[PDB]
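Novice: With the input below, show me the fold.
(chains A and B)
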Amino acid sequence: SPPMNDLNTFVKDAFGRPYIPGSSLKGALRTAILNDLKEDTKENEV
RNA sequence: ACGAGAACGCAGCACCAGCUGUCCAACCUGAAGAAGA
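Specialist: Residues are numbered from 1 along each chain as shown, chains lettered A, B, ... in the order given. The protein structure is shown below:
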């Protein structure tokens, strides 16, 4: 109850519809599956 | 009054005929809108 100060926009393709782009899931799976090491962030085949 | 005088090395004739500037090759590689607004 503090009034709409500002509004955020989910990324949506040209047909209105929302979607989660590529490389966003890649960052998410980097923070997920990169639990092993902290060196392979550019050249890793995963 | 010259081993002399006179006498076009000249006439005709396509540097031309055939021939892919072609063949192979990804504008490609690596990269979160979070965060105490």
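Novice: drop to CA atoms for contacts and neighbour counts, all remaining ones
Specialist: Noted.
Novice: beta partners for the residue lying closest to residue A:19 once chain neighbours are set aside?
Specialist: Nearest residue to residue A:19 in three dimensions, chain neighbours excluded: residue A:12, at 5.7 Å (CA to CA, 6 or more residues apart in numbering). Beta bridges link residue A:12 to residue A:18 when assigned by DSSP bridges.
Novice: Kindly tell me how buried residue A:12 is, as a neighbour count.
Specialist: 12 (other CA atoms under 10 Å).
Novice: next one: the one 4 residues further on
Specialist: Residue A:16 has 8 neighbours, counted by other CA under 10 Å.
Novice: Then residue A:9?
Specialist: 6.
Novice: which residues are contacting stretch A:17-36?
Specialist: If you take CA atoms under 8 Å, 6 or more residues apart in numbering as the criterion, stretch A:17-36 is touched by A:10-13, A:41.
Novice: Just the C-alphas of it, formatted as CSV.
Specialist: C-alpha atoms of stretch A:17-36 as CSV (Å, rounded to 0.1, in the frame of the first residue of the first chain):
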residue,chain,number,x,y,z
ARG,A,17,4.3,-12.6,-25.6
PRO,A,18,6.8,-13.0,-22.7
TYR,A,19,9.7,-15.4,-22.8
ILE,A,20,13.1,-16.0,-21.0
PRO,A,21,15.8,-15.5,-23.7
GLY,A,22,18.9,-17.5,-24.3
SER,A,23,22.0,-16.9,-22.3
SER,A,24,19.7,-16.0,-19.4
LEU,A,25,19.2,-19.7,-18.8
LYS,A,26,22.9,-20.0,-19.5
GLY,A,27,23.7,-17.7,-16.6
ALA,A,28,21.2,-19.5,-14.5
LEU,A,29,22.8,-22.9,-15.3
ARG,A,30,26.2,-21.3,-14.8
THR,A,31,25.3,-20.4,-11.2
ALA,A,32,23.7,-23.9,-10.9
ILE,A,33,26.2,-26.3,-12.4
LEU,A,34,29.3,-24.3,-11.8
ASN,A,35,29.4,-25.4,-8.2
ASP,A,36,32.5,-27.5,-9.0
